[PDB]
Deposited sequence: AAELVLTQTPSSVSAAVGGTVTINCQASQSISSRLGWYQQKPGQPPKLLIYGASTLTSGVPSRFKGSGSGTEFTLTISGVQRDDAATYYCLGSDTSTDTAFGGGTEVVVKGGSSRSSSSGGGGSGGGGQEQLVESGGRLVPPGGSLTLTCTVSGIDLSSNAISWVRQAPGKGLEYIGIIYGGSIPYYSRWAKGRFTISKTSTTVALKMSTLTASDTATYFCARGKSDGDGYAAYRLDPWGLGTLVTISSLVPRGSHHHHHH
């Protein structure tokens, strides 16, 4: 029941004006619940296409998503220098089984607001709580998702909390991670941290389709908060210095 998204190829080189083709294969049928995301260095991911084909507002028509079931494709026909970026598929079979693909580096040649806070340095085995402060977004009708990215690696889905305040977690996170909700904020508590937990932590607003699945459509995103596990920190906490 575990969802795996195999994204190929892992990198593409194209000339301005060439065509770039990205495939995503899902290990189980997800119907149309798939996004395509674009991330440039130093910036949070950006939603391009949701629902496997629907372009988000402002996205040039040289991007085209297609596919359903287990097979999806992203095509950039008129490829331009501004499209140099890493691209990720995000599939949702359920809000527990929601996963990113491994990412594709694309090299080209020639009032809604979320603010993460609480990133610190933490000793191995410690705990931490991150806060996402939400503005312009009604938390009764929108979902808030947590995603992390370790340095130089891909996006990893942690969990989501819906408007009706039922949380969901990926299988790897369940029991070490807890999502909670206030009238103004969503929080993520993390326990038993190790070096594999060191990462940027993002929150993003999930928008639901008519059946109620939001975990594949994430926009906007916060800028993220950095968490670093270090054996040099004593059994306290320490601010990024």
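**Student:** Pop the missing stretches of the deposited sequence into a list, counting residues from 1 and keeping sequence order.
**Tutor:** In sequence order, the gaps with no modelled C-alpha are 1, 112 to 128, 260 to 261.
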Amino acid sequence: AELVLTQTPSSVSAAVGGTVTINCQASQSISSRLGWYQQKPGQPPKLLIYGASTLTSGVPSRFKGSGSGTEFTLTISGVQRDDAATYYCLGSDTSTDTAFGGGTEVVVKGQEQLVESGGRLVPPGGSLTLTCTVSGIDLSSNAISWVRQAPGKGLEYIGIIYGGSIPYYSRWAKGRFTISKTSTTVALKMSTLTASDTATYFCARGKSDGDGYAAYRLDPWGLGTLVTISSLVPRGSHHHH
From here on, numbers count along this sequence of modelled residues.
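**Student:** Which is higher on average in the deposited entry, the C-alpha temperature factors of 228 to 236 or of 6 to 14?
**Tutor:** Higher mean C-alpha B-factor: 228 to 236.
**Student:** Quick one: higher average CA temperature factor, 172 to 180 or 202 to 210?
**Tutor:** According to the entry, 172 to 180 carries the higher average C-alpha B-factor.
**Student:** Using only the C-alpha B-factors in the record, can you name which of 142, 80, 111, 145 has the highest?
**Tutor:** Highest CA B-factor of the listed options: 111.
**Student:** Ranking the modelled residues of this chain by C-alpha B-factor as given in the entry, is residue 223 in the lowest, middle or highest third?
**Tutor:** According to the entry, residue 223 has a C-alpha B-factor in the chain's middle third.
**Student:** If you rank every modelled residue in this chain by C-alpha B factor, which third holds residue 196: lowest, middle or highest?
**Tutor:** Highest third of the chain for residue 196's C-alpha B-factor.
**Student:** Taking the entry's C-alpha B-factors for this chain, is residue 47 in the lowest, middle or highest third?
**Tutor:** Within its chain, residue 47 is a middle-third residue by C-alpha B-factor, going by the deposited values.
**Student:** Ranked by Cα temperature factor within the chain, is residue 22 in the lowest third, the middle third or the highest third?
**Tutor:** Middle third by C-alpha B-factor.
**Student:** Divide the modelled residues of the chain into thirds by Cα B-factor and specify which third, lowest, middle or highest, holds residue 75.
**Tutor:** Middle third by C-alpha B-factor.
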